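*Asks:* Input file: work.cif. Contents: mmCIF, C-alpha atoms.
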data_my_file
#
loop_
_atom_site.group_PDB
_atom_site.id
_atom_site.type_symbol
_atom_site.label_atom_id
_atom_site.label_comp_id
_atom_site.auth_asym_id
_atom_site.auth_seq_id
_atom_site.Cartn_x
_atom_site.Cartn_y
_atom_site.Cartn_z
ATOM 1 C CA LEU A 1 29.146 128.444 -235.059
ATOM 2 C CA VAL A 2 32.175 126.325 -234.144
ATOM 3 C CA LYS A 3 30.438 124.492 -231.294
ATOM 4 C CA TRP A 4 27.756 123.591 -233.853
ATOM 5 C CA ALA A 5 30.348 122.373 -236.387
ATOM 6 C CA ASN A 6 29.543 118.776 -235.395
ATOM 7 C CA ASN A 7 26.410 119.029 -237.581
ATOM 8 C CA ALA A 8 28.120 120.747 -240.532
ATOM 9 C CA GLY A 9 27.919 117.540 -242.577
ATOM 10 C CA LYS A 10 24.345 116.249 -242.305
ATOM 11 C CA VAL A 11 22.241 119.443 -242.452
ATOM 12 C CA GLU A 12 22.717 120.488 -246.078
ATOM 13 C CA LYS A 13 22.285 116.847 -247.120
ATOM 14 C CA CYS A 14 18.774 116.703 -245.660
ATOM 15 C CA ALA A 15 17.956 120.260 -246.761
ATOM 16 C CA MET A 16 18.487 119.314 -250.409
ATOM 17 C CA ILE A 17 16.901 115.875 -249.977
ATOM 18 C CA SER A 18 13.804 117.351 -248.336
ATOM 19 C CA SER A 19 13.459 119.939 -251.104
ATOM 20 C CA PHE A 20 13.948 117.192 -253.694
ATOM 21 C CA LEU A 21 11.096 115.209 -252.143
ATOM 22 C CA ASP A 22 9.097 118.432 -251.848
ATOM 23 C CA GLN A 23 9.952 119.276 -255.461
ATOM 24 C CA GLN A 24 8.569 115.972 -256.745
ATOM 25 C CA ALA A 25 5.672 116.184 -254.285
ATOM 26 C CA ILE A 26 4.728 119.652 -255.565
ATOM 27 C CA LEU A 27 5.969 119.228 -259.143
ATOM 28 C CA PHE A 28 3.352 116.482 -259.430
ATOM 29 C CA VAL A 29 0.718 118.954 -258.219
ATOM 30 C CA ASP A 30 2.046 121.603 -260.598
ATOM 31 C CA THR A 31 2.225 118.796 -263.155
ATOM 32 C CA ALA A 32 -1.412 117.852 -262.538
ATOM 33 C CA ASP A 33 -2.672 121.433 -262.851
ATOM 34 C CA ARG A 34 -1.070 121.542 -266.301
ATOM 35 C CA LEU A 35 -3.050 118.542 -267.579
ATOM 36 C CA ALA A 36 -6.373 120.173 -266.720
ATOM 37 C CA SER A 37 -5.445 122.805 -269.291
ATOM 38 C CA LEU A 38 -4.057 120.113 -271.605
ATOM 39 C CA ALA A 39 -7.197 117.990 -271.231
ATOM 40 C CA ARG A 40 -8.951 120.931 -272.931
ATOM 41 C CA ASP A 41 -6.162 122.850 -274.688
ATOM 42 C CA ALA A 42 -4.610 119.734 -276.230
ATOM 43 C CA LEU A 43 -8.027 118.473 -277.318
ATOM 44 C CA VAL A 44 -8.533 121.846 -279.006
ATOM 45 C CA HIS A 45 -5.094 121.606 -280.628
ATOM 46 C CA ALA A 46 -5.759 118.084 -281.927
ATOM 47 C CA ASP B 1 -26.005 108.012 -284.404
ATOM 48 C CA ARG B 2 -23.846 105.959 -282.034
ATOM 49 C CA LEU B 3 -20.487 107.628 -282.716
ATOM 50 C CA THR B 4 -21.941 110.895 -281.390
ATOM 51 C CA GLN B 5 -22.222 109.283 -277.953
ATOM 52 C CA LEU B 6 -18.749 107.765 -278.388
ATOM 53 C CA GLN B 7 -17.181 111.231 -278.466
ATOM 54 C CA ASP B 8 -19.185 112.195 -275.379
ATOM 55 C CA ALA B 9 -17.950 109.044 -273.636
ATOM 56 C CA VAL B 10 -14.392 109.713 -274.829
ATOM 57 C CA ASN B 11 -14.574 113.262 -273.469
ATOM 58 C CA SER B 12 -16.261 111.966 -270.306
ATOM 59 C CA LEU B 13 -13.270 109.717 -269.619
ATOM 60 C CA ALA B 14 -10.937 112.620 -270.418
ATOM 61 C CA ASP B 15 -12.618 114.633 -267.664
ATOM 62 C CA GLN B 16 -12.290 111.646 -265.321
ATOM 63 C CA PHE B 17 -8.558 111.395 -266.087
ATOM 64 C CA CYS B 18 -7.789 114.758 -264.481
ATOM 65 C CA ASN B 19 -10.049 113.864 -261.550
ATOM 66 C CA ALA B 20 -7.972 110.747 -260.834
ATOM 67 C CA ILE B 21 -4.755 112.767 -260.509
ATOM 68 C CA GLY B 22 -6.659 115.233 -258.321
ATOM 69 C CA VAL B 23 -7.444 112.649 -255.616
ATOM 70 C CA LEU B 24 -4.519 110.208 -255.316
ATOM 71 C CA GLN B 25 -1.987 113.037 -254.804
ATOM 72 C CA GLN B 26 -2.800 115.005 -251.641
ATOM 73 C CA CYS B 27 -4.386 111.870 -250.141
ATOM 74 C CA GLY B 28 -2.930 108.404 -249.620
ATOM 75 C CA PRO B 29 -2.799 105.476 -247.202
ATOM 76 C CA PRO B 30 -1.246 106.542 -243.867
ATOM 77 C CA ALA B 31 1.622 104.063 -243.787
ATOM 78 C CA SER B 32 3.469 103.520 -240.508
ATOM 79 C CA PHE B 33 6.907 103.319 -242.153
ATOM 80 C CA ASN B 34 7.570 106.914 -241.023
ATOM 81 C CA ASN B 35 4.826 107.587 -238.401
ATOM 82 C CA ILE B 36 3.734 110.749 -240.220
ATOM 83 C CA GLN B 37 0.580 111.140 -238.095
ATOM 84 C CA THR B 38 2.633 112.368 -235.122
ATOM 85 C CA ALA B 39 3.287 115.875 -236.411
ATOM 86 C CA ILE B 40 2.623 118.754 -238.805
ATOM 87 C CA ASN B 41 1.298 116.713 -241.722
ATOM 88 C CA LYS B 42 -2.429 116.311 -242.353
ATOM 89 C CA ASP B 43 -4.407 113.052 -242.208
ATOM 90 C CA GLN B 44 -6.434 111.067 -244.738
ATOM 91 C CA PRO B 45 -7.304 107.408 -244.023
ATOM 92 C CA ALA B 46 -7.040 104.689 -246.647
ATOM 93 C CA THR C 1 14.491 100.598 -246.821
ATOM 94 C CA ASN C 2 15.146 102.702 -243.715
ATOM 95 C CA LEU C 3 17.022 105.740 -245.020
ATOM 96 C CA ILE C 4 17.821 106.915 -241.480
ATOM 97 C CA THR C 5 19.986 103.852 -240.806
ATOM 98 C CA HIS C 6 21.144 103.405 -244.415
ATOM 99 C CA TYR C 7 22.901 106.793 -244.553
ATOM 100 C CA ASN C 8 24.080 106.656 -240.906
ATOM 101 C CA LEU C 9 21.608 109.218 -239.572
ATOM 102 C CA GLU C 10 20.623 107.267 -236.441
ATOM 103 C CA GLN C 11 23.430 108.865 -234.421
ATOM 104 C CA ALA C 12 22.041 112.304 -235.267
ATOM 105 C CA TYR C 13 18.581 111.173 -234.152
ATOM 106 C CA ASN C 14 19.879 110.076 -230.741
ATOM 107 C CA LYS C 15 21.604 113.466 -230.338
ATOM 108 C CA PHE C 16 18.906 115.860 -231.606
ATOM 109 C CA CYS C 17 15.562 114.218 -230.805
ATOM 110 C CA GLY C 18 12.785 115.818 -228.759
ATOM 111 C CA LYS C 19 14.528 117.541 -225.854
ATOM 112 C CA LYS C 20 14.913 120.906 -224.126
ATOM 113 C CA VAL C 21 16.650 123.308 -226.525
ATOM 114 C CA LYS C 22 16.553 127.069 -226.020
ATOM 115 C CA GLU C 23 14.838 128.984 -228.815
ATOM 116 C CA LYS C 24 17.769 131.439 -228.644
ATOM 117 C CA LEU C 25 21.549 130.958 -228.465
ATOM 118 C CA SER C 26 21.520 131.096 -224.639
ATOM 119 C CA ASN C 27 23.238 127.676 -224.494
ATOM 120 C CA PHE C 28 26.663 129.253 -225.141
ATOM 121 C CA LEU C 29 26.249 132.864 -223.968
ATOM 122 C CA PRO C 30 26.187 132.024 -220.216
ATOM 123 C CA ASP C 31 29.608 130.375 -220.494
ATOM 124 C CA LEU C 32 30.951 133.764 -221.593
ATOM 125 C CA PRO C 33 31.395 136.645 -219.123
ATOM 126 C CA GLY C 34 29.422 139.864 -218.962
ATOM 127 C CA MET C 35 25.812 140.630 -219.826
ATOM 128 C CA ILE C 36 25.319 139.900 -223.538
ATOM 129 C CA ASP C 37 22.089 140.966 -225.244
ATOM 130 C CA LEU C 38 21.215 138.768 -228.222
ATOM 131 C CA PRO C 39 21.943 140.940 -231.314
ATOM 132 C CA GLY C 40 19.533 139.281 -233.729
ATOM 133 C CA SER C 41 18.432 142.337 -235.699
ATOM 134 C CA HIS C 42 18.876 142.938 -239.433
ATOM 135 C CA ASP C 43 21.992 145.070 -238.890
ATOM 136 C CA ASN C 44 23.725 141.978 -237.455
ATOM 137 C CA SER C 45 23.582 140.131 -240.803
ATOM 138 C CA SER C 46 26.815 141.842 -241.846
ATOM 139 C CA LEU C 47 28.887 138.653 -241.617
ATOM 140 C CA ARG C 48 26.609 137.202 -244.282
ATOM 141 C CA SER C 49 27.148 140.373 -246.330
ATOM 142 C CA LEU C 50 30.882 140.320 -245.647
ATOM 143 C CA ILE C 51 31.252 137.122 -247.699
ATOM 144 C CA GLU C 52 29.931 138.533 -251.004
ATOM 145 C CA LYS C 53 32.840 141.034 -251.122
ATOM 146 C CA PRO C 54 36.053 139.265 -250.051
ATOM 147 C CA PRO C 55 38.140 141.773 -252.060
ATOM 148 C CA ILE C 56 37.417 144.387 -249.376
ATOM 149 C CA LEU C 57 40.286 142.696 -247.519
ATOM 150 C CA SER C 58 43.367 141.950 -249.570
ATOM 151 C CA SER C 59 45.045 138.552 -249.642
ATOM 152 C CA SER C 60 46.916 138.330 -246.322
ATOM 153 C CA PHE C 61 46.438 141.460 -244.200
ATOM 154 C CA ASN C 62 45.947 145.200 -244.400
ATOM 155 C CA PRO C 63 48.882 147.581 -243.864
ATOM 156 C CA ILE C 64 49.855 147.722 -240.191
ATOM 157 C CA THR C 65 52.205 150.085 -238.338
ATOM 158 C CA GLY C 66 52.618 149.309 -234.647
ATOM 159 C CA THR C 67 54.392 152.608 -234.011
ATOM 160 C CA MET C 68 51.399 154.525 -235.388
ATOM 161 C CA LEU C 69 49.220 152.855 -232.718
ATOM 162 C CA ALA C 70 50.427 155.408 -230.144
ATOM 163 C CA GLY C 71 46.875 156.786 -230.097
ATOM 164 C CA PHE C 72 46.077 153.970 -227.654
ATOM 165 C CA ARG C 73 47.936 155.936 -224.956
ATOM 166 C CA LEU C 74 44.940 156.823 -222.793
ATOM 167 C CA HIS C 75 44.569 159.343 -219.984
ATOM 168 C CA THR C 76 42.686 158.696 -216.730
ATOM 169 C CA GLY C 77 39.228 160.168 -217.229
ATOM 170 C CA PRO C 78 35.620 159.249 -216.463
ATOM 171 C CA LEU C 79 33.009 157.993 -218.914
ATOM 172 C CA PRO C 80 29.311 158.977 -218.828
ATOM 173 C CA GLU C 81 26.439 157.311 -220.699
ATOM 174 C CA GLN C 82 28.245 153.965 -220.367
ATOM 175 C CA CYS C 83 27.650 151.199 -217.815
ATOM 176 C CA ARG C 84 29.977 148.299 -217.029
ATOM 177 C CA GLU D 1 21.461 132.607 -240.760
ATOM 178 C CA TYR D 2 20.248 131.053 -237.506
ATOM 179 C CA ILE D 3 23.531 132.067 -235.863
ATOM 180 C CA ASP D 4 23.374 135.607 -237.267
ATOM 181 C CA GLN D 5 19.885 136.237 -235.858
ATOM 182 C CA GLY D 6 20.631 134.351 -232.638
ATOM 183 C CA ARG D 7 18.181 131.629 -233.667
ATOM 184 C CA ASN D 8 18.203 127.944 -232.643
ATOM 185 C CA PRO D 9 20.430 125.989 -235.068
ATOM 186 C CA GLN D 10 19.907 122.851 -232.974
ATOM 187 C CA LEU D 11 16.150 123.187 -233.480
ATOM 188 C CA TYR D 12 16.812 123.242 -237.227
ATOM 189 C CA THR D 13 18.484 119.845 -236.865
ATOM 190 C CA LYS D 14 15.280 118.648 -235.206
ATOM 191 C CA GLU D 15 13.322 120.480 -237.906
ATOM 192 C CA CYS D 16 15.330 118.642 -240.562
ATOM 193 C CA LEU D 17 14.780 115.383 -238.668
ATOM 194 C CA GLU D 18 11.019 115.940 -238.743
ATOM 195 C CA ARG D 19 11.455 117.214 -242.306
ATOM 196 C CA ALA D 20 13.127 114.045 -243.594
ATOM 197 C CA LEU D 21 10.922 111.642 -241.628
ATOM 198 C CA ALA D 22 7.667 113.279 -242.736
ATOM 199 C CA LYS D 23 8.732 113.725 -246.367
ATOM 200 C CA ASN D 24 10.150 110.202 -246.554
ATOM 201 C CA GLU D 25 6.521 109.174 -246.075
ATOM 202 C CA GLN D 26 5.571 111.533 -248.913
ATOM 203 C CA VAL D 27 7.838 109.850 -251.470
ATOM 204 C CA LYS D 28 6.911 106.398 -250.164
ATOM 205 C CA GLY D 29 3.300 107.346 -249.475
ATOM 206 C CA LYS D 30 2.923 108.685 -253.003
ATOM 207 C CA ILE D 31 4.768 105.639 -254.366
ATOM 208 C CA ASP D 32 2.560 103.264 -252.386
ATOM 209 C CA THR D 33 -0.499 105.324 -253.330
ATOM 210 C CA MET D 34 0.396 105.056 -257.020
ATOM 211 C CA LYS D 35 1.785 101.507 -256.732
ATOM 212 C CA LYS D 36 -1.541 100.089 -255.527
ATOM 213 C CA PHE D 37 -3.220 101.911 -258.413
ATOM 214 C CA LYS D 38 -0.697 100.144 -260.657
ATOM 215 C CA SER D 39 -1.268 96.707 -259.124
ATOM 216 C CA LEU D 40 -5.065 96.917 -259.014
ATOM 217 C CA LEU D 41 -5.585 98.594 -262.395
ATOM 218 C CA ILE D 42 -3.314 96.091 -264.149
ATOM 219 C CA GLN D 43 -5.328 93.344 -262.465
ATOM 220 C CA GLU D 44 -8.458 95.018 -263.853
ATOM 221 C CA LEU D 45 -7.067 95.115 -267.399
ATOM 222 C CA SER D 46 -6.421 91.380 -267.009
ATOM 223 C CA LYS D 47 -10.129 90.737 -266.320
ATOM 224 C CA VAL D 48 -11.543 92.528 -269.396
ATOM 225 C CA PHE D 49 -9.393 91.437 -272.366
ATOM 226 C CA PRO D 50 -8.852 87.657 -272.745
ATOM 227 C CA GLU D 51 -6.810 87.711 -275.960
ATOM 228 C CA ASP D 52 -4.259 90.205 -274.561
ATOM 229 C CA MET D 53 -3.772 88.525 -271.180
ATOM 230 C CA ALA D 54 -0.023 87.907 -271.458
ATOM 231 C CA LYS D 55 0.673 91.518 -272.450
ATOM 232 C CA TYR D 56 -0.870 92.928 -269.264
ATOM 233 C CA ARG D 57 1.452 90.731 -267.205
ATOM 234 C CA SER D 58 4.332 92.420 -269.043
ATOM 235 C CA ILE D 59 3.023 95.870 -268.071
ATOM 236 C CA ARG D 60 3.459 95.031 -264.389
ATOM 237 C CA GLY D 61 6.893 93.566 -265.092
ATOM 238 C CA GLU D 62 8.044 96.730 -266.856
ATOM 239 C CA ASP D 63 6.290 98.826 -264.190
ATOM 240 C CA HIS D 64 8.763 97.526 -261.610
ATOM 241 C CA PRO D 65 12.329 98.856 -261.327
ATOM 242 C CA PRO D 66 14.120 95.660 -262.335
#
Translate this structure into structure tokens?

*Replies:*
Amino acid sequence: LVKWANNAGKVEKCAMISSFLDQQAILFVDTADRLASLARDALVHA
Amino acid sequence: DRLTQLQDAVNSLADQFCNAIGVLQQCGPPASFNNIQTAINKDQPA
Amino acid sequence: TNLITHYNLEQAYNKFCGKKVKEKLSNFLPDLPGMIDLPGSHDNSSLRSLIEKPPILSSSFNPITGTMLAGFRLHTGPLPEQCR
Amino acid sequence: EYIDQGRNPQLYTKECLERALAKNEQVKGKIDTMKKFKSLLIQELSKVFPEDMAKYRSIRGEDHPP
């Protein structure tokens, strides 16, 4: 653990950044799946 | 008479809206800014 | 913009690019003496579990009595079912 | 966790390196994918409505991060 301490600063930074990019990358897909329902559910509601 | 086909056209475009977000998301132009073709990611030409 | 150079990640790239890295922790074990078998089972995740309950160990140290450690006075006897 | 199981923490640094590099293309690739749709579609709106030509030019202007 100590011998690895040289990378203690720039591993969590990329772990969150990668998830953030993954979040938006997948949130858009999860976002898109919602519209398919909205393209019919919302039309029904209107 | 003609407005009956307008609603069909309006709904036809509504169906096409969800199809647009279903294509430009998992695909995309393989830019060389990050040489993504080298590794795990998939491939889809422009 | 190149985020690798913007956030000063190029140095990490030059240190941890494609190279020979052991899949295990055998890059530090050989420096140590004795035959060490990699304890990577589930029972070895204690240290992770030890951090959720700090109160198990009070602030500074547990009570200690050096005189009571006389049990470490050991005779000269053999030891089966144990290899050096 | 990698240390506890005797895994390869250094490989994770490489994994993160491949993780950031590949996913940097995702954010940019998506952006470029949806930026060209912005540029071309706005150009298409400009070729259909003559009386609202100036407005479409504003859509592209507000579609940038100024």

*Asks:* I need the output of the PyMOL selection byres ((chain D) within 8 of (chain A)) for this file as a PyMOL selection string; which residues are they?

*Replies:* chain D and resi 3+9-10+13+16+19-20+23-24+26-27

*Asks:* With all atoms listed in the file counted and 8 Å as the cut-off, give the residues of chain D in contact with chain C, each with its shortest interatomic distance in Å and the pair that gives it, as a Markdown table.

*Replies:*
| residue | atom | partner | partner_atom | distance |
| --- | --- | --- | --- | --- |
| D:1 | CA | C:48 | CA | 7.7 |
| D:3 | CA | C:25 | CA | 7.7 |
| D:4 | CA | C:45 | CA | 5.7 |
| D:5 | CA | C:40 | CA | 3.7 |
| D:6 | CA | C:40 | CA | 5.2 |
| D:7 | CA | C:24 | CA | 5.0 |
| D:8 | CA | C:23 | CA | 5.2 |
| D:10 | CA | C:16 | CA | 7.2 |
| D:11 | CA | C:21 | CA | 7.0 |
| D:13 | CA | C:16 | CA | 6.6 |
| D:14 | CA | C:16 | CA | 5.8 |
| D:17 | CA | C:13 | CA | 7.3 |

*Asks:* Go ahead and find all residues with at least one atom no further than 12 Å from (6.9, 106.0, -245.3) in the file's coordinates, using all atoms listed in the file; report them as a list in words.

*Replies:* residues 28, 29, 30, 31, 32, 33, 34, 35, 36 and 37 of chain B; 1, 2, 3 and 4 of chain C; 20, 21, 22, 23, 24, 25, 26, 27, 28, 29, 30, 31, 32 and 33 of chain D

*Asks:* Can you spell out as a PDB file with C-alpha atoms, in the coordinates of the input the set of residues that the PyMOL selection byres ((chain B) within 7 of (chain A)) selects in the structure I just provided?

*Replies:*
ATOM      1  CA  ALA B  14     -10.937 112.620-270.418  1.00  0.00           C
ATOM      2  CA  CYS B  18      -7.789 114.758-264.481  1.00  0.00           C
ATOM      3  CA  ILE B  21      -4.755 112.767-260.509  1.00  0.00           C
TER       4      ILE B  21
END

*Asks:* What is the distance, in Å and to one decimal place, between CA of residue 61 (chain D) and CA of residue 38 (chain D)?

*Replies:* 11.0 Å

*Asks:* Of the candidates C:52, C:37, C:10, C:81, which one gets nearest to chain A if we count all atoms listed in the file?

*Replies:* C:10
